[PDB]
Structures are given as structure tokens and as C-alpha cells.
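Below is one structure, written out as C-alpha cells, with a few remarks after it.
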Amino acid sequence: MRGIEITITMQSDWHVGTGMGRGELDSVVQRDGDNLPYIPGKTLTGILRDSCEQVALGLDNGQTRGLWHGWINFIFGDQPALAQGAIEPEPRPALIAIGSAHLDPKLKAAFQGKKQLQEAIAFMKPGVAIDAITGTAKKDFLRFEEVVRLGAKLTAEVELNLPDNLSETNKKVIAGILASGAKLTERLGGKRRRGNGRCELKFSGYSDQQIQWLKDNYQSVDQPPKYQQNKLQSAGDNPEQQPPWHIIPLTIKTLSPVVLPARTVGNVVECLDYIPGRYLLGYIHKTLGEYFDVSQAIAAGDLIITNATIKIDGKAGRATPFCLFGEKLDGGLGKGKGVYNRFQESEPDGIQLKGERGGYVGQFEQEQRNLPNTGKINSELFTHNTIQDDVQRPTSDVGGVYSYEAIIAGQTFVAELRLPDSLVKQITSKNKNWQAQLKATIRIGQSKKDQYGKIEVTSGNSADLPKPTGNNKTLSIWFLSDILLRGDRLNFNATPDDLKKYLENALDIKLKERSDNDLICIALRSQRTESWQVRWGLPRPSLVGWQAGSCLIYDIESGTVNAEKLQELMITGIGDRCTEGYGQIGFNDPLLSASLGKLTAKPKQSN
Amino acid sequence: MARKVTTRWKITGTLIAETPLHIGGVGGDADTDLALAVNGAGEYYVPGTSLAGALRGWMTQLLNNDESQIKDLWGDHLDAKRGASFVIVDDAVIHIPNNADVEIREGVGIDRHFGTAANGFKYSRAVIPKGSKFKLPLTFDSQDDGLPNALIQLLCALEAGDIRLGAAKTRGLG
Amino acid sequence: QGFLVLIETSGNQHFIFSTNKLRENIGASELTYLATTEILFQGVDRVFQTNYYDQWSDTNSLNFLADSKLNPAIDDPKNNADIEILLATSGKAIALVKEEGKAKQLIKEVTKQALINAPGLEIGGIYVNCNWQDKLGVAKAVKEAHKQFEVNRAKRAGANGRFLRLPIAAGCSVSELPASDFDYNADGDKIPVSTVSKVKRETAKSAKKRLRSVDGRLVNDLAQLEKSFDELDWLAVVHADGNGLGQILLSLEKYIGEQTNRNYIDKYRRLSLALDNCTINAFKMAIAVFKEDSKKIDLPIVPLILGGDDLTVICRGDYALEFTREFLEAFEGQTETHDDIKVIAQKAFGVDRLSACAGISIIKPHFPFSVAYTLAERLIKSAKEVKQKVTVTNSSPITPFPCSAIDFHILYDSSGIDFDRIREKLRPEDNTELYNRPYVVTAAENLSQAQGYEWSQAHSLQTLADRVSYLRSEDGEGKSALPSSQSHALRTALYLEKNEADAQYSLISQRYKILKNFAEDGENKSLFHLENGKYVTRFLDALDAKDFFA
Amino acid sequence: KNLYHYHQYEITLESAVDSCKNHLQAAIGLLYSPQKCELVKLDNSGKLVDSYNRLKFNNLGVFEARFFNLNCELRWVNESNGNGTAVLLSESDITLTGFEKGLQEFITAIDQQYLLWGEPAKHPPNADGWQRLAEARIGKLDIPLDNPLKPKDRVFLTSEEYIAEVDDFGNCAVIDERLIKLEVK
């Protein structure tokens, strides 16, 4: 259920802190990707929940645990951070997901390019402490604070995903509670207790009549129904995989910030700069599981979804080869000069180079006359707190502050959904317009119910299958995504001669390492991955492997390299867990083959 | 749980300026050096903070600086048991009366030797005229029964008109 | 004849900062140090039956290896032994051995102890031949071991593959590893932690002992200090590297003069030890900057690396610039005082001194230190550009003049968290940069002959410290010589067109005369000056650094 | 001093376990499924009450499994459509019929522990021979432990890491890690 909206009217000057000042200002407000003031969804849910818990007090006769606190835990999800002891029931997610409240889209658009207006929306408010004795301004307590002009009207999407089995009676209960919380809410943001941030909050389509039904009925309610996971259902229908591989490009645009946990570490989460293919599998279910047994296809490996990398040159960007080295002072792809493919080129005389590591490179070709185009992902560290709900401030006991890296809005990504003709025949014969139906908006990532995670998905037209250049002298390998391999005892490990064995067996050839003293044969780095089985509420086993952009090259010792087998491995990917996006690989790419030391990069209203 | 309020109290009425008032902003709608604070809509208003601290100041005199009492009404960031204020003070817009507008007072320094205006010691304070009105914007949350006796005293002090607000409190206003 | 053996510690960034708990960071630094020192000597002793470990621990300093009666000069077959230490330092050590089988045993022995006593540490070594009957054999062996080691690190089997959360087991409170035993939070609540965090915390207590050699002002109550870096408004990470010193090591056969391997060894060994001594001494001098905290038990600073070319410390954030400046100034002065430097530095550059660059990241206490240090590496890499901008007069090959430099950033919540995004955000007009960095730290007199002296003066750190000092000045009623509101208008103006920002300066400087000092055109009508065809100003930095001097 | 490893190929998971029962006697098991991650404990005979129903692959079934006891650990992972490699570890040489055998020498081995989730639950599983660990971050967790947990117990897994040479330079690395048993602490 979508298209319920919260509306907010600010009736006094209002302030949502960054938790810090800047320069001459001791407090500055959070601004969105369009530099306007806005109310973060995490604040909005936090405030609305708080008012709902006030209702629960009024109905539980002040009992801090009870039937109606049950309902609030049902509606807004459990807080497993604060409950402690041997709690047996799984922590339930919230039914209610709430965006950030933004300004009206037309007003927002009007400010485009008009920097001085974007400043004028805020203004400075003073503050001072008075010495109780001398009755004068207490010096070094003078304080200047940014606040946002009252009268702003803001709105946020709400989505409810009520259980389909939910009794009609309970729907009116939930509507009753949620309506009551909006009515009872009066303030949000900073210095609520001193008159900033007074507001009205209303739901579209809830009114006093919803509260009236509760007031007439509430004594008749019960505890909420117990939670249930939405399990899979396999069917076994899938026709067995046959070539060709069709390749559907999916374009992803970050409409809101997105949090993609690279490594959790205490109260902070670092974020990736690509979207793991695993995130999209839920979307695959929600749009194709009517047409074929998605779960069977995954288990068979009949489906691959790549990672999403930033779009460059109209296509998927490619993680920078670790064979590239830049001049330690003057060069590298960041400086658009002095980049040496150490598979082919000697180090210049005297000048020490450093290997490239980060970032993404676009297209390259046998003679581009220019270094490949370089992509970058803009990211920001968002910050949040938890209020200890009785003293009504953060405390170390409640965990204080926490923060997320996020990919910011307007970043754009590409991924490929790869399907055998066998499934495409089934899908197409059931629906020729399916590629139109792939257009959807979905929520992925960490904290996905709140301000984070809104992405657009949009199919392109079908791409061409990749066509690796065969070369019977040398095999060269670029890891376009992280590579996971089992050791010979099925443990994870990272030993390159395992990969040597793997590739030469898979291609049915023999390989020898490049022996030259000044051309490096191998440039790898290890990789280890935190992950969670949301299907089961436990972490996934720690995946270990080689990170994307690792590269290596070999001389072919004997045999012949089949161009068709190369194409197959580039489409399917090598190693373990390819289906969710690992294992993606590129052979004999011209970038690894060419020498680049001489080259440079190319030169780079409102209504 | 959200702060276990037993009884919320809304406490409201009309505050009347018995003298002219000034609350300084940082630039204001006045042309003056000493210019009035205004809300984001440019209306003349009493900032909730300035009123709240005025009330809390008077409460400090009543309780003889007994902070262990003050901090259980007005809150404290330091004490692990305290935190948020139980009194709440919203902003109030000032209704200057019909056909009336902000006055400007002149101010001057008199050289104590020559008896004449001292060089540079001139200023021109804007003031809200006497008899302007604004809403008493208080709310109070009681975690126990009744109404705190010191808070009852404060309301009597407001009915007595004993509490001064804003700038220039010694020298005509507030 | 024999073999050189090199032992080098990799990933020192990750191992120290991979957890945000100060005590664990300190522990990690000790494991890094004790690996290539204490642990190393114990490995050498068990292989070769020496007692280097006893002599060091009785000495409490590396200098015991200086006198080759105790550290046999094995190139003399009368001073016969299987072993000599060329050098030991933080994260790196080099030793010389004549027997290939025992050479392999040595590397294995140390790395075995590393896996046991220092879980999560990455360390490895290499042996390479030395035809010592040829001069420069040691010099060759040094460079050969370096360039071969870089490759072997990559092709080595996966170091990480041991603490797998596989199978499913409780998350560590402070890292992505599975918890392995309990320990206590800073408040003493029992909490689960990984062996890596545990063994760090155990080893952390060695630091407060070892740092007693430095200064008892430093660390005495680890837990109280942790329960104070959370109180501070700002932390900082300071990272600093010596200029050219790496290239000096990579060129030493030129500077030793007498090409005999003994002379190369003697100078190479002594130079490095002298550099450690200079680093420690300059640190003792710089920590005097923490003046306001001098009343109470421990200064708000934690050294984590303090030798070789490298200083790496966490400190109170608003102090870091003044602390780091005094370190760099003291370091340059100290380097001139040693003969072990003089003869090499004079031949390498024509001045008694060496120099060092530094990068300073200034962060809120909850900001992930891994991200902050990552930025510090990029910042110092920027500051090192003075090597390119300032050069020895008529040098051939063109070579960097000795000149210390700083780069820094203050990570306000909207300012992004990567260097390129940070600098991009400060380029509002395509022809304009609101920053002017790096800052040259060396004093003008010590640069006065250099080519690019005039450039170095424009970028002199003194220019910023002056201007911030102006903003801290007050008028007689006690209010700052520029009001905050006016400062906000100026920052706003910098995002406008140049002509608008130049206008705004004129308007405000006509009122607040002090801004006459801040003009950069030399025409007293623009905060900007033209630079490499761009427009840049230092003024914005004076706004944002307004508070950040001790 | 050797770590012995054993391989078999194409073997279906139920048939691998049935082959190894002589060594996996009373072993703990851990089973990975797209919908589940479930523990089991084999009978003293090493059989399982649901074997073919439990270890069925196709219907969202088990695709990777581990079993271990004092003497040995079995690993298995699906290679294709439920065919998979089995590998057993043993610190002592033991014949497995039809397996390939090899070994790795290792220098030394050391204990590690992993804290399992959950505190001792206020009541046991109704199944005897089990205990319950519960912790709100994951909810309930049922473990095949027979000794009754006291309040403020914790259960630890225990594991042995093996250290060996990998580089010809003699650089040590942890080649493998074997799970031993659950242990109450």
C-alpha cells in the first residue's frame, strides 16, 4: 500500500541540527541534496513514534509494558537494542515506512541556480547565558544559531505493508493509533522545549473519525497478531538452461541516499561505492517470480545479476586495474597524466610510481589516444542519535550517536540481469511486455524503511553479448568484481595458484606465469565481506577472496584458447556465488594489453 | 517508554506589556543599530528562549539558587537522571494594537563635565509600544500528582507583574 | 659472502585503526612495534643462540646494536658470527646472515610468533643473495629486497582468512570479527570482543610502560583517557613523513663516499637510529603545546608511531596544528645537530637539515578513524607537492629542496569524507578555489636561496596563523574585531561570482578596518589573488580554522 | 606432524554423510539453506532421523553443510544440482572408502573460541538433549547441547587453527581451521 502521505506545517521557526556548528555558527541545519532545509525521515519516525507511545501510556494506564505497548512494538517495530535478557521472540520489523519530508517540488525547483535565495531560507538567531549574580551576559556563552523560517509546508511519503491476513478490525486499530500520534504531536527538532519547531502533522486520509472509532472500541481490542516471515515457495517448473544468454541492462538511479554496508564497526557503518547484485534479488522475486521459479534458477545458477557500477560512457563502469601505476608526485588517473600499465611498460628512469587502487575507468580500445574516462561516487557521512526515552536525551547507556556513510542522490548505476534463452522463452511467451514491467521504484540497503534506500530501476534495451578477443600467445585477466574461490578443502582461501589451476582447467589449456624481471605478473589484494541472512536473521559466513580491480596475466604454455569459452566465462562469471554478482571477469581486455605512459586524459535556468 | 507524564498542564492567557519592550535580534526589521528580534515571517515576537529564561531566572531567586530543585523542572544536560525540561515555552507573536507600530526611542550620553551630549554616545532603540499583547505559551508535564508549589508561585508572580522581560530592564522597559 | 634478510610489516594503517576504541588502537601500535623489535630479537636468539633480546631489554633502546663488539661486524671473518643486524625500526628491520638454511628459519620463527602473540598482524620477510666480495653488494641487496618484496606481498596467500565468522557466532562489539571472549567497556560492563581486540588490549599495557622512557605526562590511566576523547569537541589524527628520506635511503651509495660495504652499513645503521632519536626528541619538545591541559594527570595525546621517518598520533583536535608545527620546526632543527645526518644531508641537498611533511585530519570523536586516517594520507600527499614546487638551484637532476609542509582539513558534517569531494566542494566557480594549500612551514630564512622561495612565502603557514590571530582579536568592549554575522556574509560571498565576493570585501572592510590585513591582491580590493591562472584565497581557511590554534 | 584431508566428488550430500558415519559419530551439524540455517546432531550411529528428507537439495534444500566432532570435521558444498564435493579433515590418518587422500604438514596448532549467540533461556527446548540460547538481536537459538545451562553461562565453540609454511621464504600462514566441539564456559 503506497501513496499515503504525511503533511507537515511548521508554525514556529524550526531547527534540525547537524549535531555541530560551522565556523561562526554554533548550530547549522541539515540540508538535502538540493541544499534546502528538510526534515530527515529518521527524525520524523522518531518523533511520531514518541507521540504514539504517549497514547500507549494512556491506554496501558501507565504500564510501561502491556497490550498497547505491544501494538506500538507491532506498528513501529521492536527495539532489540534496548530490550535485554533472554528475549526469545525474533525482533519484528515495522509496518510503517516514512520518507524524509521535503519542501514542495515546485518551490524546490524554483530555487535552482539561485544561491542567494537558498541561503535566505534560514536566518541566524542569537542566544546568551546570564550570570545569576551580576545579571549580565555571561561572556563566552554567547551563541549564534541557524533556524529555518516558519510557514514551511513539507510532505513525505508513507508506505504501509500491513499483513494480508490482518483482520479488518486491526486495520482500524492501527489507523486509530497512527491518527492519534499525528494529532498529539506538537513539536519536532531542536529546542522543542523553547518553542522552536512547533508544527502540525497530519496523515492524508486519516481524520478524527479514525480516532473516534478507537475511542468507541479500544477496550475490545487484543494483543496484535504474531509476526510471520514471508517464506519462499519453489515450484520446479524451470526449463533447463540453453544458450544464447540474453543480457538485460538495468539502470539504477539513487533517488534518496542509500546505505550499503561494506564493513560494520561498532556504532558506524562504512558504505560501498557500488550496489551488490544480491540487493536486487528481492526485486527479481517481486517482478518475475510469477513467470518462473526464481529460487530454482538461482540454485541451478540459471540466473546472474551483476553488481551495479557507476555509469560511464553510457555503460557500466569498470573497477580500476591494479596494474596501473601513477607518478607519485605528478601523475596517475587522478591527475590525468603519467599512468603506466606495468604489465607492458618499464618504470620510468628514477621516478618511483605508486599502484592505482580506487575508482572506476570507462571504455578503452586498441588505440584511444587518451586515458580512459574516470568515474567517482559522491558520498556523505550522515549522523543520527538515539534518545533515552525517559530522560529524553541521548546517553551512553542508550548508545548515544551512530552514523552511516551513504551514496548521495542523483548518482546513477548500471547492472545486467543475465538470463538463458530457456527462461526468456517462458517469460516472453507469458508476457511480451515484461521488459516494460521491470520499471519500478524499490527500497534497498540499510535502514531501507526510512530516508535511505529509494532507487529507480529502469530496463534498457537488450545489450549485445560480450566478445572477448582471443590471443593464443597470452591470457590476461581483469577481475571486474570480487572473486571468491574455495581452497582445495572447500574452505575459503586466497592463493593465486588455485586460480591458475582453475582457469587453465576451465579453459582446457595450460598456463605459465610471466617471468620477466621488470614486467609484473600479478597484482592482487585480499577481500573479506560482512553479510547477513535476512531470510534467517543471522550473519552469512565470511566470504574471502580477491577484490575487484585485481589483475594478472600469463603466457599460454600449451593448448589453444577458445574464443567461445572465454565469452561463456565472461557472461557466467567464475568461482563461487556468481549468481549474486561475484566472479565477474574480463579476458584480454585492450586496457591490460596497451601501453599508456605516453597518453593523457581528454579535456573535460528556473521557472 | 516515552516520558511517563501523569498530568499535562496547558497554562495560557494574555501577557500585556506594562511598559515598552525590546528583545534584540541580530539585524531585525528595524533600520536601527539596536533592532528588534523577529520571527521568520518578519513579525515582532517574543522568543520562547528569552521568556523561558526570564521565568527560570525568577524561579532561581525564589528557590534561593537551590539548583537541585530548578533542574527537576527546567532540566539539565549534565545529570544522568535529568535531561529534558518539563516546562515548555513556545514562541509567541506580538499583536501590536490597532493603528499602532514600533516606536523608536532616542538615547544619548551626557558628558558629566560639560553637561552636553558626549561624542559618539548616541543610540536609537526601537521598542514595542506599551499595551501590546501576546499569548502565554506554557505547557507543563507532571510526573506526579497536583501542581508543583513553586510553579504556582511563578504564576502568581506573573499575575502580580513582577517579572521583567527583554532588554533595558533597569532603564524603563521590559 | 651471505644473504640479506628483510622483515617488513604491511597494512599498518588497517591494523591500528580498524577499531574505534582508543585502547585497542594503542594495543595495535604495540604489536606492530614489538613484532619488529622485541619479538624479532627473541626469534634471532632462538635460531642463532645469540642474546640480542637480553641486551636490548637491559638497554631499553636499540643503540646496543651500534657497537660491533656486541653486534659482530661479520664482514670481518675474524669477528666471526652467523648474524649481524643492519637495522631495526618500527614495522621494518634488516639483518645479514651467511647461511641460507638458517636464514629461512629466522623468517619462519618470527612469523610463527607473530601469528601466536600478534593475531591479525600481517608480517613477512624475504632473503636475497649478496656477493659480498663485490662492493655495494649490501646497497644492491637493500634495493633488491625492497622491489622483490612488493611483489611477494601480493602473491602471498591470504592473510585475512582465519577469523571467519564462519560458523555463525556473536558479533564483536567493536569489529566485524566474531567474538571470542569477553572483556569490558570503558564503564566496566561485560561485553564480547574478538581475540584481536582482546590481545591488543592486553598488549596496550606495554605501551604505558614503554612510553615512560618518553614522558610520564603521556599515558597513565588508559581508561580515563578513553573516557575523555569522547568528551572533547574535536579529535585530530596527525600523520607525518620525512621529505626525501626514502629517496635518500634509495640512493645512499652516492652519499657514503667510500664504497666499502662496511661504510654503507655504518652510515645506513647510524642514520636511521639518529632519525629515531630526532623523532622522539622533537616529540618531547612539541607536546609542550598542550599547555592548557598541563594541570592534570595526562596530556590529551596518544603516540601510535614514533620512529623511522614516521610520526602518527591522535590528539585533541584544536591543538593539532600548533602541536604539529612545533614538531616540524623542532624536527628540522634537531636533524641539523647530528653528524649521522649532516654529511649525508649536506651532500644530498646542501643544507644541514632534513624535512618532513604532515597531514592533519580533524574529526568528531565518533567519526571513524579509518576514514580520517585515509584522508590524512591524501592530505600529506598534497603537502609533499612542495617537493615539486621548490627545487635546488641549478639542480641536475632536478631535486626537491628541504622544506617542511602541512596540509589539513576539518571534517564538518556536510563537507564530505573524501579528499577529492572535499576539494571539489571548495571549487564553486570553475576558475576559483576557496582553499590555498599546502602551507609551507619552514621559515623564510632557511628557504631564502631556494628556487621558488617567493612561492613558498605565498604558501607560508605563517600567513594563515596571522590571519586567524586577527579574527581572535577583540575590540575594547570584548567583542571580536569582526562579528560572526559579517563572517557569515563573507563565506556566502565566496560561493558567488568573483566580482560579487570582491564587492562584499570592499563593503565590509570599509567598516572593519582590520580586513585591510586580509587582502591578497595587493590592491586592497579583493580577498583573492591570481594563482596558476586560477583565483584562490586563504581567507576561508581563517574562518574555518578560527578556533583551531592552541 | 600432519593435517590429513580427504576428497570425494559428485557425491550427493546424504550419501557423503552416510559414507562418513563411522567418523562423524554423534557429530554436531550445521546446514545452510536459502530459507534456513539449522543445526542438527547426528545419532550416535552417525545417522539422521530425517536424512533424505532433511538433506534433500532441490526444494530450497541444503547446499552447504558442516559436521564435526573431536576426531574429524566434514565439509560439503553443492557443485551442481545437488552433486557436490565432500572434504573431511582429520588430525589422524583414517581410511575412508573411495576417498582420495592427501596431507599437509603443519608446524603447530592452537585453540580458538567463538562465542555463540544467546544467553541461557529461561526454559529448555522440550526436546531432550538440547539447550536454548536467546538474545533479542537474533531471538531464540537452539543448540544440541546436553548439559543443562546455568544462568550466566555462555556457550563457546572451540576450534583448532593449523599454522604452516606457505612461502618458500618460510613465512607462516594459517592453512586451515577445524571445529572441535561446543563448550560451556
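A note on labels: chains of the C-alpha cells are A, B, ... as shown, every chain counts residues from 1, and ligands are counted from 1 in their shown order.
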
Show me, as number ranges by chain, the residues that have an atom within 8 Å of residue 181 of chain A when counting only C-alpha atoms, minus same-chain residues fewer than 4 positions from it. A: 48-49, 51-52, 55, 177, 185

Only C-alpha atoms, please: the residues just picked out, written as a JSON list (two decimals), in the first residue's frame.
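Written out: again17.json:
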```
[["chain", "number", "residue", "atom", "x", "y", "z"],
["A", 48, "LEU", "CA", 5.86, 10.22, 15.54],
["A", 49, "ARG", "CA", 6.72, 7.02, 17.43],
["A", 51, "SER", "CA", 3.74, 10.54, 20.41],
["A", 52, "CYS", "CA", 2.28, 7.09, 19.72],
["A", 55, "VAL", "CA", -1.10, 7.14, 23.60],
["A", 177, "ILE", "CA", -3.16, 4.75, 16.81],
["A", 185, "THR", "CA", 2.39, 15.52, 18.07]]
```

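Once residue 140 of chain D and its same-chain neighbours fewer than 4 positions away are set aside, residues 85, 86, 87, 88, 89, 90, 91, 536, 537 and 538 of chain A; 116, 117, 118, 119, 120, 121, 122, 123, 124, 125, 131, 132, 133, 134, 135 and 136 of chain D remain within 12 Å of it when counting only C-alpha atoms.
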
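The smallest atom-to-atom distance between residue 100 of chain D and any of D:143, D:156, D:13, D:6, using only C-alpha atoms, is found for D:6.
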
Return as a VMD selection string the residues belonging to chain B that are within 6 Å of chain A, counting only C-alpha atoms. chain B and resid 1 to 3 40 48 to 49 82 to 84 88 to 91

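With the cut-off set to 6 Å and only C-alpha atoms counted, chain D residues close to chain C are residues 113, 114, 115, 116, 117, 169, 170, 171 and 172 of chain D.
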
Taking only C-alpha atoms into account, report as a PyMOL selection string which residues of chain C lie within 12 Å of chain B. chain C and resi 483-486

Residues within 12 Å of residue 424 of chain A, please, as a PyMOL selection string. Count only C-alpha atoms; anything in the same chain fewer than 6 positions from it doesn't count. chain A and resi 238-248+288+291-292+302-303+417-418+430-435+462

Could those selected residues go to a file with C-alpha atoms, as a PDB file, in the first residue's frame?
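Saved result, again00.pdb, follows:
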```pdb
ATOM      1  CA  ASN A 238      12.162 -24.142 -14.887  1.00  0.00           C
ATOM      2  CA  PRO A 239      13.090 -25.383 -18.381  1.00  0.00           C
ATOM      3  CA  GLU A 240      16.721 -26.420 -18.350  1.00  0.00           C
ATOM      4  CA  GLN A 241      19.225 -23.767 -19.372  1.00  0.00           C
ATOM      5  CA  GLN A 242      20.121 -23.407 -23.058  1.00  0.00           C
ATOM      6  CA  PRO A 243      22.074 -20.689 -24.894  1.00  0.00           C
ATOM      7  CA  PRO A 244      22.028 -17.918 -26.020  1.00  0.00           C
ATOM      8  CA  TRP A 245      22.394 -15.788 -22.915  1.00  0.00           C
ATOM      9  CA  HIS A 246      20.193 -12.721 -23.144  1.00  0.00           C
ATOM     10  CA  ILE A 247      21.537  -9.699 -21.265  1.00  0.00           C
ATOM     11  CA  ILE A 248      19.098  -7.082 -19.943  1.00  0.00           C
ATOM     12  CA  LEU A 288       9.388 -12.192 -12.128  1.00  0.00           C
ATOM     13  CA  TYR A 291       6.756 -16.214 -14.539  1.00  0.00           C
ATOM     14  CA  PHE A 292       9.296 -18.849 -13.456  1.00  0.00           C
ATOM     15  CA  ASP A 302      20.480 -20.219 -14.312  1.00  0.00           C
ATOM     16  CA  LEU A 303      20.404 -16.555 -13.242  1.00  0.00           C
ATOM     17  CA  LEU A 417      20.311  -9.202 -15.497  1.00  0.00           C
ATOM     18  CA  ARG A 418      21.521 -12.246 -17.442  1.00  0.00           C
ATOM     19  CA  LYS A 430       3.721 -15.406 -20.927  1.00  0.00           C
ATOM     20  CA  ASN A 431       4.287 -11.651 -21.390  1.00  0.00           C
ATOM     21  CA  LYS A 432       5.993  -9.853 -24.276  1.00  0.00           C
ATOM     22  CA  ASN A 433       5.893  -6.544 -22.342  1.00  0.00           C
ATOM     23  CA  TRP A 434       7.802  -7.865 -19.304  1.00  0.00           C
ATOM     24  CA  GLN A 435      10.790  -5.607 -20.020  1.00  0.00           C
ATOM     25  CA  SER A 462      18.891  -5.775 -24.620  1.00  0.00           C
TER      26      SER A 462
END
```

Name the residues of segment 3-138 of chain D that fall into strand (DSSP E or B) according to DSSP on the backbone, using the chain letters and numbers of this document, as a PyMOL selection string. chain D and resi 3-8+12+28-32+37-41+64-68+72-80+83-90+100-105+108-115+119-120+131-135

Where in segment 60-238 of chain A does DSSP assign alpha helix (DSSP H), given as a ChimeraX atom specification? /A:67-76,105-110,115-120,168-184,208-217

Give me a file of those residues, with N, CA and C atoms, as a short mmCIF file (atom, residue, chain, number, x, y, z; two decimals), in the first residue's frame.
```
data_model
loop_
_atom_site.label_atom_id
_atom_site.label_comp_id
_atom_site.auth_asym_id
_atom_site.auth_seq_id
_atom_site.Cartn_x
_atom_site.Cartn_y
_atom_site.Cartn_z
N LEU A 67 -0.43 -4.59 26.69
CA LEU A 67 -1.05 -4.87 25.40
C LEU A 67 -0.80 -3.76 24.39
N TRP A 68 -0.98 -2.50 24.80
CA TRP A 68 -0.88 -1.41 23.84
C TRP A 68 0.56 -1.06 23.48
N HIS A 69 1.49 -1.15 24.43
CA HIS A 69 2.90 -1.16 24.04
C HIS A 69 3.20 -2.30 23.08
N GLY A 70 2.50 -3.43 23.21
CA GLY A 70 2.55 -4.45 22.18
C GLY A 70 2.22 -3.92 20.80
N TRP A 71 1.12 -3.17 20.69
CA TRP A 71 0.74 -2.57 19.42
C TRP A 71 1.80 -1.62 18.88
N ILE A 72 2.37 -0.77 19.73
CA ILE A 72 3.39 0.16 19.24
C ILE A 72 4.60 -0.61 18.73
N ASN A 73 5.03 -1.63 19.48
CA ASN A 73 6.09 -2.50 19.00
C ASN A 73 5.69 -3.18 17.70
N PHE A 74 4.41 -3.53 17.56
CA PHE A 74 3.92 -4.09 16.31
C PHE A 74 4.00 -3.07 15.17
N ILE A 75 3.53 -1.85 15.42
CA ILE A 75 3.45 -0.85 14.35
C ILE A 75 4.84 -0.33 13.97
N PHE A 76 5.62 0.09 14.97
CA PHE A 76 6.91 0.73 14.73
C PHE A 76 8.10 -0.20 14.88
N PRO A 105 7.77 20.21 -4.37
CA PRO A 105 8.68 20.07 -5.52
C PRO A 105 8.80 21.32 -6.37
N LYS A 106 7.72 22.08 -6.57
CA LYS A 106 7.80 23.27 -7.40
C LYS A 106 8.62 24.37 -6.73
N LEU A 107 8.38 24.61 -5.45
CA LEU A 107 9.18 25.57 -4.70
C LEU A 107 10.66 25.18 -4.71
N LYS A 108 10.94 23.90 -4.48
CA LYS A 108 12.30 23.39 -4.56
C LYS A 108 12.93 23.67 -5.93
N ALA A 109 12.21 23.37 -7.01
CA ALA A 109 12.73 23.63 -8.35
C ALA A 109 13.00 25.11 -8.57
N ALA A 110 12.12 25.98 -8.07
CA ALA A 110 12.28 27.42 -8.26
C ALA A 110 13.62 27.94 -7.75
N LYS A 115 21.50 30.81 -5.71
CA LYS A 115 22.23 30.56 -4.47
C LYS A 115 21.77 31.47 -3.33
N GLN A 116 21.64 32.77 -3.60
CA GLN A 116 21.31 33.72 -2.54
C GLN A 116 19.93 33.47 -1.93
N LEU A 117 18.98 32.95 -2.71
CA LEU A 117 17.72 32.51 -2.12
C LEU A 117 17.90 31.29 -1.23
N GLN A 118 18.67 30.30 -1.70
CA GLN A 118 18.91 29.09 -0.91
C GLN A 118 19.52 29.40 0.45
N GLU A 119 20.23 30.52 0.57
CA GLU A 119 20.68 30.97 1.88
C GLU A 119 19.56 31.64 2.67
N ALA A 120 18.77 32.50 2.02
CA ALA A 120 17.77 33.31 2.71
C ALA A 120 16.67 32.49 3.39
N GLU A 168 -9.74 -6.96 9.50
CA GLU A 168 -10.28 -5.62 9.25
C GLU A 168 -10.39 -4.81 10.54
N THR A 169 -10.73 -5.46 11.65
CA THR A 169 -10.75 -4.79 12.95
C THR A 169 -9.40 -4.17 13.28
N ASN A 170 -8.33 -4.93 13.12
CA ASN A 170 -7.00 -4.44 13.47
C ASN A 170 -6.54 -3.29 12.57
N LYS A 171 -6.95 -3.27 11.30
CA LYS A 171 -6.64 -2.12 10.46
C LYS A 171 -7.16 -0.82 11.05
N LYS A 172 -8.38 -0.83 11.59
CA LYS A 172 -8.90 0.39 12.21
C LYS A 172 -8.17 0.73 13.50
N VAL A 173 -7.74 -0.28 14.26
CA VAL A 173 -6.85 -0.04 15.41
C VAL A 173 -5.60 0.71 14.97
N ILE A 174 -4.89 0.17 13.98
CA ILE A 174 -3.64 0.79 13.53
C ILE A 174 -3.90 2.20 13.02
N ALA A 175 -4.91 2.36 12.17
CA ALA A 175 -5.30 3.70 11.74
C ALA A 175 -5.63 4.58 12.93
N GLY A 176 -6.29 4.02 13.95
CA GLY A 176 -6.58 4.79 15.15
C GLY A 176 -5.33 5.28 15.86
N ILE A 177 -4.40 4.37 16.13
CA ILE A 177 -3.16 4.75 16.81
C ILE A 177 -2.38 5.78 15.99
N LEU A 178 -2.16 5.48 14.70
CA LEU A 178 -1.37 6.37 13.86
C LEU A 178 -2.01 7.75 13.76
N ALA A 179 -3.33 7.81 13.56
CA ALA A 179 -4.03 9.09 13.58
C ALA A 179 -3.84 9.82 14.90
N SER A 180 -3.92 9.09 16.02
CA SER A 180 -3.77 9.71 17.33
C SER A 180 -2.38 10.31 17.51
N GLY A 181 -1.35 9.61 17.04
CA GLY A 181 0.00 10.13 17.16
C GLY A 181 0.20 11.43 16.41
N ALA A 182 -0.31 11.51 15.18
CA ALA A 182 -0.29 12.77 14.44
C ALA A 182 -1.00 13.88 15.21
N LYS A 183 -2.21 13.61 15.70
CA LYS A 183 -2.94 14.63 16.45
C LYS A 183 -2.15 15.11 17.66
N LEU A 184 -1.58 14.17 18.42
CA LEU A 184 -0.93 14.52 19.68
C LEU A 184 0.44 15.15 19.48
N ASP A 208 -10.27 12.66 12.57
CA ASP A 208 -10.84 12.40 13.89
C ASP A 208 -11.75 11.18 13.93
N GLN A 209 -12.47 10.92 12.83
CA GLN A 209 -13.29 9.73 12.74
C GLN A 209 -12.49 8.46 13.01
N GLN A 210 -11.23 8.43 12.57
CA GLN A 210 -10.37 7.29 12.88
C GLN A 210 -10.09 7.19 14.37
N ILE A 211 -9.86 8.34 15.02
CA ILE A 211 -9.70 8.37 16.47
C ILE A 211 -11.01 8.02 17.16
N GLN A 212 -12.13 8.52 16.63
CA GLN A 212 -13.44 8.21 17.20
C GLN A 212 -13.70 6.70 17.24
N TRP A 213 -13.35 5.98 16.17
CA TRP A 213 -13.53 4.53 16.18
C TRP A 213 -12.71 3.88 17.29
N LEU A 214 -11.47 4.33 17.49
CA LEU A 214 -10.67 3.81 18.59
C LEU A 214 -11.31 4.12 19.94
N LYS A 215 -11.70 5.38 20.15
CA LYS A 215 -12.30 5.78 21.42
C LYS A 215 -13.55 4.97 21.73
N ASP A 216 -14.33 4.62 20.70
CA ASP A 216 -15.51 3.79 20.89
C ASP A 216 -15.19 2.31 21.10
N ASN A 217 -14.05 1.83 20.58
CA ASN A 217 -13.79 0.40 20.52
C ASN A 217 -12.63 -0.10 21.36
#
```
